[PDB]
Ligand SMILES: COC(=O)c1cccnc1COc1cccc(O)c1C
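Taking the form solved without the ligand, here's one chain by itself in structure tokens.
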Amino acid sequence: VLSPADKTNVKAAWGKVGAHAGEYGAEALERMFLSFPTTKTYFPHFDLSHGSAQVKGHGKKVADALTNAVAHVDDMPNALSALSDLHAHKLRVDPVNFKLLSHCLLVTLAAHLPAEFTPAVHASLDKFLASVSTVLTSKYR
């Protein structure tokens, strides 16, 4: 549950990604694939090699949904309705994976926003990523 310090903090960090959110969506995917190889069973159709176009474009898709969750921090459920549906009924990623990719988004952020990735910004993003994960998997059954 995001408190007002939480949303403020996510609004801030996120603001600084700006223009690189896609660059970062893609390396978050690239850290995951390599640190958690099992995550790869969902992209058997993608080239997963370094600097693949598929991954890169996928990086942006995802980045943009994150962005769109930042903006609608108070109405995720509605901001993300279409997407939970997509994940619950078509993709069916096992819920446990949401946490492996959240964690790679954290690392990536940490590594690119050293001044702002403070303990409380860290704690905030974490709770963030956790509630978008909860919203994606909310219609699984």
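Just count from 1 along the sequence shown to find any residue number.
Keep in mind that the form solved in complex with the ligand is missing from the display, and what follows is about it.
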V70 within 4.5 Å of the ligand in the deposited bound form, heavy atoms: no
Please check if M76 has a heavy atom lying within 4.5 Å of any heavy atom of the ligand in the deposited bound form. yes
Any non-hydrogen atom of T118 within 4.5 angstroms of the ligand in the deposited bound form: no
Indicate whether the ligand has at least one heavy atom within 4.5 Å of a heavy atom of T8 in the deposited bound form. no
Any residue of 28-54 with a heavy atom within 4.5 Å of the ligand in the deposited bound form counts; write them all down in order. none
